[PDB]
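One structure is given here, and the rest of the page talks about it.
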Amino acid sequence: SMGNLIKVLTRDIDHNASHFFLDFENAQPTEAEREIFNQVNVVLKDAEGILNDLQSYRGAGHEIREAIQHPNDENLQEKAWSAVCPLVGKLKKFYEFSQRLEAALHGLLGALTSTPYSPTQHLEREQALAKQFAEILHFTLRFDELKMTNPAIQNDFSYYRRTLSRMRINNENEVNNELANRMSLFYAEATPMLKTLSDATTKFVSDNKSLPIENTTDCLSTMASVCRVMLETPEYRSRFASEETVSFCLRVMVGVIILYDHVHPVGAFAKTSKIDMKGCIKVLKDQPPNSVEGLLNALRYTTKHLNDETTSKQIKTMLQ
């Protein structure tokens, strides 16, 4: 069923491009998937809009530097303020969309990690919900890759917090200090959406104490092995791996790996891990370097157990 699971996750994504929501007629969920598929699909419909706003994030570095250069010129102070406020509005909408990702993740984890079935049978039984989980990770990695290449995001928000505080001394859709602190910890992360999704998966394990942990962890490791085997085998590469399919699976694999490393007690690098770390890193290495550097940075920074003394030197040196 390893070939079937590949045909399930990599199904109808070639003719698909940049769309994170699943077509209802194409995915064809079962009766037991309808109430969750509908909820998750609404969040996935907005994921494309969130990602497009991040691509259009030009930043206010030019106006900020000019205002700081001439701090007595009120026209330049208001020109920078008029430019950075709609951008902080976008940053506000991105962080609030991260909270919606946590809700849609618990609906998927709640169904894909039931007590009786195995991970392999869950991805085959609840095929539509398994596709949505991969699409949530797809957007998560694609969002965090843009954030890493856009240094104006943290500079715009830091200048906002400095100017706000001291403007409401000297001088509705405004941001409060309580929300700003959570946004600052959000954008200080190398992978903001993935860190959030990582905590949400840890929350799911704690909310379901009566649920065994491998029902969640082996679901992530199965998805990692489905993507790894598809990408590393040429027999399966000439059958399924295309431009959009490889880029999709590369990001689904890195997503579940980091989730696994935070939820699985010993991590994804220990001897008892079920993720082929060397094989997953190698697949990233055989890819063109520029298109995967964001994913490699995720495996080097968002990881919990990478720098452990129990962790191997081969992968440690593999990620150098």
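Residue numbers (my numbering): 15 to 334.
C-beta: ideal position from N, C-alpha, C; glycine also.
For this session: Give the secondary structure of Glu188 by DSSP, where H, G and I count as helix, E and B as strand, and everything else as coil.
Result: coil
For this session: Indicate the three-state DSSP secondary structure (helix, strand or coil) for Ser96 in the structure shown.
Result: helix
Exercise. Just to check, is the beta-carbon of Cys99 closer than 7 angstroms to a non-hydrogen atom of the ligand FAD?
Worked result: For the ligand FAD, the structure offers nothing, since it holds no ligand at all.
Exercise. Cα-Cα, which of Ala204, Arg79, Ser112 and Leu245 is closest to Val98?
Worked result: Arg79
Exercise. According to DSSP, is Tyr274 helix, strand or coil?
Worked result: helix
For this session: Just mark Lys145 as buried or exposed, buried being the case when its beta carbon has 16 or more other beta carbons within 10 Å.
Result: buried
Problem set entry | Cβ-Cβ distance between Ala117 and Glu140 below 8 angstroms | no
Exercise. Could you give the distance in angstroms between the alpha-carbon of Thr230 and the alpha-carbon of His276?
Worked result: 12 angstroms
Exercise. If you drop the 5 nearest sequence neighbours on each side, which residues of the same chain put their C-beta closer than 6 angstroms to that of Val280?
Worked result: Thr286
Problem set entry | Segment contact, 8 angstroms Cβ cut-off, at least three pairs: the stretch 178-191 with the stretch 143-160 | no
Problem set entry | Assigned exposure category for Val297 - 16 Cβ within 10 Å defines buried | buried
For this session: Would you list, in sequence order, the uninterrupted beta strand (DSSP E) runs of no fewer than 3 residues that lie entirely inside the stretch 93-153?
Result: none
Problem set entry | Spatial distance of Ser305 from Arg48 (CA atoms) | 35 angstroms
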